[PDB]
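Q: Any chance you can model this:
(one chain, ligands or ions: 6)
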Amino acid sequence: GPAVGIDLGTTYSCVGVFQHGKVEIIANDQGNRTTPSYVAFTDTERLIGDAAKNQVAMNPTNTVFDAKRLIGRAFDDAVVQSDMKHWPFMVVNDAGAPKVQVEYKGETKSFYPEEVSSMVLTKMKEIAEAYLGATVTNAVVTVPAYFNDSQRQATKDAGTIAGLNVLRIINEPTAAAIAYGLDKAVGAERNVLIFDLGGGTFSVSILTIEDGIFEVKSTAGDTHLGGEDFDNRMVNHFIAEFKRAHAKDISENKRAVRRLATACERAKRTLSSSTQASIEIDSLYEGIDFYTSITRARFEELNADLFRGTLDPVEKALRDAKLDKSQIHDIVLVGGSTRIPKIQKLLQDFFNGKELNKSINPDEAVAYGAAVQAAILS
Ligand SMILES: Nc1ncnc2c1ncn2[C@@H]1O[C@H](COP(=O)(O)OP(=O)(O)O)[C@@H](O)[C@H]1O
Ligand SMILES: [Cl-]
Ligand SMILES: [Cl-]
Ligand SMILES: [K+]
Ligand SMILES: [K+]
Ligand SMILES: [Mg+2]
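A: Numbers count the residues shown, from 1 in each chain. Ligands and ions are numbered 1, 2, ... in the order given. For reference, the structure is listed below:
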């Protein structure tokens with residue numbers, strides 16, 4: 001005690017603690033309220049979180065991410081086989097179970113998805129401990145509503161391995177609803193829609209709540225649609241631009257491309273608050289610095305189809321839950337990408353002006369709710 005709530009995300013993780021009737025989303029050593037779900041291995045050290053993602057551009061082969069896409073799955077799993085082709089790191093088969101293989105201290109090593117995730121959870125545990133100044137043992141860890149028993153078990157084992165006593169594994173959409181106090185009873189059932197657009201995945205969940213009891217009515221989405229896909233649309237736009245100004249194509253320079261992606265990710269976040277953003281990279285390619293800018297309008301155009309497409313899963317979820325737009329009582333935004341003004345307009349317009357629950361940072365909502373539940377179960 002106190003117990004913490006941890007959002008073990010696909011690309012970022014977040015930890016919160018409920019004290020004095022208030023949730024505190026804890027900042028890490030670098031002052032960030034969310035931490036990259038990354039782990040890197042080098043000749044001399046093991047890096048986790050910011051430290052790991054900061055050097056991803058120079059060490060692509062031994063920097064692991066997306067462990068959540070593998071957790072709880074068999075090697076023969078069709079999604080595992082498809083995802084592997086896209087990762088810069090190796091995934092090997094050990095007795096039918098996937099393991100990421102990397103070089104660490106000059107030796108080849110392999111880790112199960114739950115081991116990689118235990119490293120991320122340990123980082124989150126220490127982040128909470130640095131803030132509380134006390135040991136953290138109990139925690140509630142969240143998982144996507146569609147996770148099966150094996151995936152839930154593997155996520156719980158990741159916690160155990162990190163030295164945490166997992167009080168319970170709860171669904172991400174439910175945690176988000178708890179963050180907004182939507183689990184209080186005041187009569188009949190309420191239908192809540194969770195629009196979750198993160199860095200790597202997208203999901204829409206319709207829940208029915210009555211007497212503090214949740215019932216997942218339907219789920220929809222795209223496990224391969226996230227903010228990183230919006231960053232890629234920007235990267236290509238600028239590769240084309242750097243090519244025009246300098247008659248040089250940087251596409252085959254993996255590092256330059258990853259560094260440009262990072263600059264775009266940062267510009268994108270700025271565009272959610274401002275109408276323009278400046279990109280300034282020193283020595284991008286062959287010593288040439290890239291100093292340019294991009295407007296919100298242009299950013300939105302480069303992603304118009306992807307943004308608009310988020311509405312299909314919304315219609316399907318409603319259809320499968322056998323509900324009409326009008327029957328949705330609350331709409332909750334989760335995922336850092338839901339901070340994009342154009343996405344809020346699309347969703348809002350689709351729901352004919354209905355207001356969105358968005359006062360809690362979308363990329364913090366899951367951790368926020370998990371922290372509340374952790375205190376309750378504690
Ligand atoms: N202010 C923002 N505007 C636009 N996108 C954001 C903002 N903040 C975070 N994001 C995006 O949210 C994504 C990842 O964070 P979330 O917190 O969404 O992580 P996860 O993918 O693990 O659920 C990234 O694509 C990131 O760029
Ligand atoms: Cl840290
Ligand atoms: Cl629009
Ligand atoms: K997250
Ligand atoms: K998501
Ligand atoms: Mg998420």
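Q: Only C-alpha atoms from now on, for both contacts and neighbour counts.
A: Fine.
Q: Find the nearest non-adjacent residue to the residue of the stretch 251-378 of the chain found nearest ligand 5, please.
A: Going by CA to the ion, ligand 5 is nearest to residue 335 of the stretch 251-378 of the chain, at 5.7 Å. Leaving aside its chain neighbours, residue 335 sits nearest to residue 198 (4.1 Å; criterion: CA to CA, 6 or more residues apart in numbering).
Q: So what does that neighbour have for phi and psi?
A: The phi and psi values for residue 198, taken as degrees, to the nearest 10, are phi -100, psi -150.
Q: Check the gap between it and residue 108 for me.
A: In this structure, residue 198 and residue 108 are 32 Å apart, going by CA to CA, to the nearest Å.
Q: quick one, which of those two is more surrounded?
A: For residue 198 versus residue 108, the count of surrounding residues by other CA atoms under 10 Å is larger for residue 198: 24 against 9.
Q: What is the neighbour count of whichever residue of the chain sits closest to ligand 4?
A: Closest to ligand 4 within the chain is residue 9: 3.8 Å, counting by CA to the ion. Neighbourhood size, residue 9 [other CA under 10 Å]: 29.
Q: With the one 3 residues further on instead?
A: Applying other CA under 10 Å, we find 24 residues neighbouring residue 12.
Q: next one: the one 5 residues further on
A: If you count neighbours by other CA under 10 Å, residue 17 ends up with 27.
Q: now residue 11
A: Each residue near residue 11 was counted by other CA under 10 Å, and the total is 21.
Q: which one is it nearest to, not counting chain neighbours?
A: In this structure, residue 11 finds its nearest non-sequential neighbour in residue 37, 5.0 Å apart by CA to CA, 6+ apart.
Q: Residue 241 looks like it's in a helix, true?
A: Yes. Assignment of residue 241 by DSSP: H, G, I helix; E, B strand; the rest coil places it within a helix.
Q: what about it, distance to ligand 2?
A: 35 Å (CA to the ion, to the nearest Å).
Q: re the thing from before, my read: the residue of the stretch 251-378 of the chain closest to ligand 5 touches residue 362, true?
A: Yes. Assessed by CA atoms under 8 Å, residue 335 is found in contact with residue 362 at 4.7 Å.
Q: tell me the domain ranges of the chain?
A: 1-64+120-184+358-378, 65-119, 185-225+310-357, 226-309 (curated CATH domains).
Q: among those domains, which is the most enclosed?
A: domain 1-64+120-184+358-378 (a mean of 21; mean count of other CA atoms under 10 Å).
Q: ok now that one, how far from the chain's centre?
A: 11 Å (CA atoms, centre = their mean, to the nearest Å).
Q: do it and ligand 5 meet?
A: No. Between domain 1-64+120-184+358-378 and ligand 5, judged by CA under 5 Å from the ion, nothing touches; the nearest distance is 7.8 Å.
Q: next SSE after the helix or strand that contains residue 349?
A: For residue 349, the element it lies in under DSSP states H and E is helix 341-350. Using DSSP H and E, the helix or strand that follows helix 341-350 in sequence is helix 365-377.
Q: Go ahead and produce CSV holding the CA coordinates of that next one.
A: What follows is helix 365-377, C-alpha atoms only, in CSV (Å, rounded to 0.1, in the frame of the first residue of the first chain):
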residue,chain,number,x,y,z
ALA,A,365,-7.3,7.7,-18.9
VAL,A,366,-6.6,4.0,-18.6
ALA,A,367,-3.9,4.3,-16.0
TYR,A,368,-6.2,6.8,-14.2
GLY,A,369,-9.0,4.3,-13.9
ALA,A,370,-6.7,1.4,-13.0
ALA,A,371,-5.4,3.5,-10.1
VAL,A,372,-8.9,4.1,-8.8
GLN,A,373,-9.7,0.4,-9.0
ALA,A,374,-6.4,-0.6,-7.4
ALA,A,375,-7.2,1.5,-4.3
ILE,A,376,-10.7,0.0,-4.1
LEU,A,377,-9.4,-3.6,-4.3
